[PDB]
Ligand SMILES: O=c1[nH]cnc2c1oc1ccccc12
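Before any questions on how it binds or moves, here is one chain, the form deposited without benzofuro[3,2-D]pyrimidin-4(3H)-one, in structure tokens.
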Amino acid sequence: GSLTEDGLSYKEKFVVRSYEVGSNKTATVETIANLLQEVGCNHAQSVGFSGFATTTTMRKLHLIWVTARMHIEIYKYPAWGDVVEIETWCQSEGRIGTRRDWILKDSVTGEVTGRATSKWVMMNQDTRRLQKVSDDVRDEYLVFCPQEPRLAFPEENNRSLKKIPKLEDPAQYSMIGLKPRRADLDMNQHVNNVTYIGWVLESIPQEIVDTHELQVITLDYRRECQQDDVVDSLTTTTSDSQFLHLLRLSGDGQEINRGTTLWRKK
């Protein structure tokens, strides 16, 4: 991997692994999500940051970057043995936080096979309180981002910025009692954000998975699943096939995630 000529974006190639593919022998959306996360960490390393991509000033204030929303759109999933190239860049969206974008390409043809966007906020790692981005912290990141707007999703009022509603009981489909295992944790012992995508998809029936391909997934992150927590995954068809998703703690029903998926007939 490497920063591009201007040093304002990062590129990396990946060869799709045998354990990374589904029944179609093409990379799963969780593998795609893990590769986006990997190129994001490598971009942070290449410029001196750090998976919290922190400055020494944020480390002193116990401040970290946390994902608020992830949106992924796949046109063609890379097959087993194929090389996929991913370009990524960050951009501030005012005091709200930062946006990280990705573009996925086929290394052979050069065609865009997918794109992603994510919204991040600044949080005190202990109090879990959002303190919003200050000027002296903002200025430390501005030299690693382009000044002109560079958007993976430029269309006005696109799918990535749509408001997601709360699923109402009874759900059409459900997957109950989901628990994370040690392989679901990251290096800081927190549940990896990709696990939540997997948990959302657990409530999609096998008939949909076998006859359709996932085109779009949008996920909101509200609360973390704290290791010894149990998750319920709820899904209702809202339609192509569209679904509304809800992740909640098995006990009291506290919301952890809300999302939507769009699927195309094979």
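Counting begins at 1, following the sequence as shown.
Just so you know, the form solved in complex with benzofuro[3,2-D]pyrimidin-4(3H)-one exists too; it's not on screen, but the next bit is about it.
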query	finding
Distance check, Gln125 to benzofuro[3,2-D]pyrimidin-4(3H)-one in the deposited complex, heavy atom within 4.5 Å	yes
Exercise: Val216 in contact with benzofuro[3,2-D]pyrimidin-4(3H)-one in the deposited complex, heavy atom 4.5 Å	no
Distance check, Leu61 to benzofuro[3,2-D]pyrimidin-4(3H)-one in the deposited complex, heavy atom within 4.5 Å	no
Contact of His190 with benzofuro[3,2-D]pyrimidin-4(3H)-one in the deposited complex (heavy atom, 4.5 Å)	yes
Residues within stretch 30-44 having a non-hydrogen atom within 4.5 Å of benzofuro[3,2-D]pyrimidin-4(3H)-one in the deposited complex	none
